[PDB]
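Notes follow the structure.
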Amino acid sequence: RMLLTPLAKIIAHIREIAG
């Protein structure tokens with residue numbers, strides 16, 4: 001779960017900043 005925890009953010013932190 002150490003691969004989905006830190007990625008859980010970027011998973012949506014790149015769709016709002018870039019669209």
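A note on labels: chains of the structure tokens are A, B, ... as shown, every chain counts residues from 1, and ligands are counted from 1 in their shown order.
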
_Among chain A, which residues does DSSP mark as helix (DSSP H, G or I) when it is run on the backbone? Keep the chain and numbering as in the structure and answer as a ChimeraX atom specification._
/A:7-13
